[PDB]
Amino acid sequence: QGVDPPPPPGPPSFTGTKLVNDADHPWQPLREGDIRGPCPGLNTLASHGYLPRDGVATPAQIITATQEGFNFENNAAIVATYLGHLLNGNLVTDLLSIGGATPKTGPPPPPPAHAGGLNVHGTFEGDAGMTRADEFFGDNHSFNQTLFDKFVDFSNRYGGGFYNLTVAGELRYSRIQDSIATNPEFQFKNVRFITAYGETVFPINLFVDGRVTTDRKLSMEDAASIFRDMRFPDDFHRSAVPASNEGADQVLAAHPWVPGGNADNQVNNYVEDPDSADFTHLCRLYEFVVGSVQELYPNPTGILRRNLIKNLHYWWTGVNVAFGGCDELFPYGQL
C-alpha cells in the first residue's frame, strides 16, 4: 500500500579513516536478479554488502552506505541520492535501482514516471563518461575496456602512470571531444554538465586510500578493481575526511567548456545552451529537475503525492546548502 519515507541520515558520528574492505563486508559475485549500473561507487558498495547485494535500496540506505564505505560528504550524498530517486526511483515503495528496471522496486508508477533506475538516460545519466560509453552507442551502464584503456593512456601521458588531478583535466576534455566527433545525439547540459566534473575527481578524493595524505593519485590496478570488478582494493581505507567534488573547479579551468550539445542530429556540431545550469548558475539545476519531476508526475494524489512532497523537501535541504541557497519550489503544495 505504501511506505512513509524518513528524512535523510545526517553525517556519520565517526568521520575519520577506517578499514572498509573488512571481514563483515566481503566482495561476492553477482547472483541472478542482482542489479548493477553506471556508478562504480554504488556498484562496489552493493558487491561488498554496504548496500543490499541485489542493487536495490532506499535513499536512506544509499546515503549511509556512501558515508560508511567512502566517507562521501553528507550533503553531496543527499543531493545525489534524492536526485536519482525523484527521477528514477519508486516514491511509493521508497526503493531505487542502482541500474536498470527490476520488479524488486515494486508496482510500477503511473507513466510517464518509470522508476527505471540510474540506467535511465537523458536527465541524470549522460554522455562523455570515463569508463562507460554514451547511450547512443547502445550501452550506457557496462564497463567499457576501450574507454578504460584511454583512462590508462591519459594516466600514463599526464600522471606518471597514475590518475591525478592533471589527468582528470585532460581526460574530461578529451572525452567531451570524442562524443562531439562520434555521437550525433551528444548532450552536455543541465544535470550532466554539473555531475560530469564531480565524477572526474571522485576517483582521486574517494578511491584513493585515506591513509595517503599527500600526492593523492590512483593506481590503474585500484581503478580497474573498482570501475570494472566492483571491488575495493585489498585493505582499502576510506578518505580520512568527508569528501566529494574537491578540485572539480580546476578540471573545468584546465579546459573551459560551456553546456550545450550536438544540434540537428549531426556530429561535430556543438551549440551552446545559454539557459543551462553551470557552475555559477547552480539553482537552475534545482529548477530544471523540479520541472522534470512535474513532467514525470503531472497530477499525483494520495501516498504518491505525499511521498513526492517529502522527497522534494529532502532534496531541497541538500541543494540549499550545496548550491549556496535556492528558493524552495512547492509544485504539489504542502502536506
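Residue numbers here begin at 1 and follow the sequence given.
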query	finding
21-29 versus 323-331 - greater average Cα B-factor per the deposited record	323-331
264-272 or 52-60, whichever carries the higher mean Cα B-factor	264-272
Residue with highest C-alpha B-factor in the PDB entry, from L206, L95, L147, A254	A254
Highest-ranked of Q177, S244, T81, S225 once sorted by CA temperature factor in the record	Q177
Ranked C-alpha temperature factor of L296 among modelled chain residues, by third	middle
CA B-factor ranking of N71, expressed as a third of its chain	lowest
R231 - Cα temperature factor, lowest/middle/highest third of chain	lowest
Within-chain third of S219 by Cα B-factor, per the entry	middle
For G129, the third of its chain into which the C-alpha B factor falls	lowest
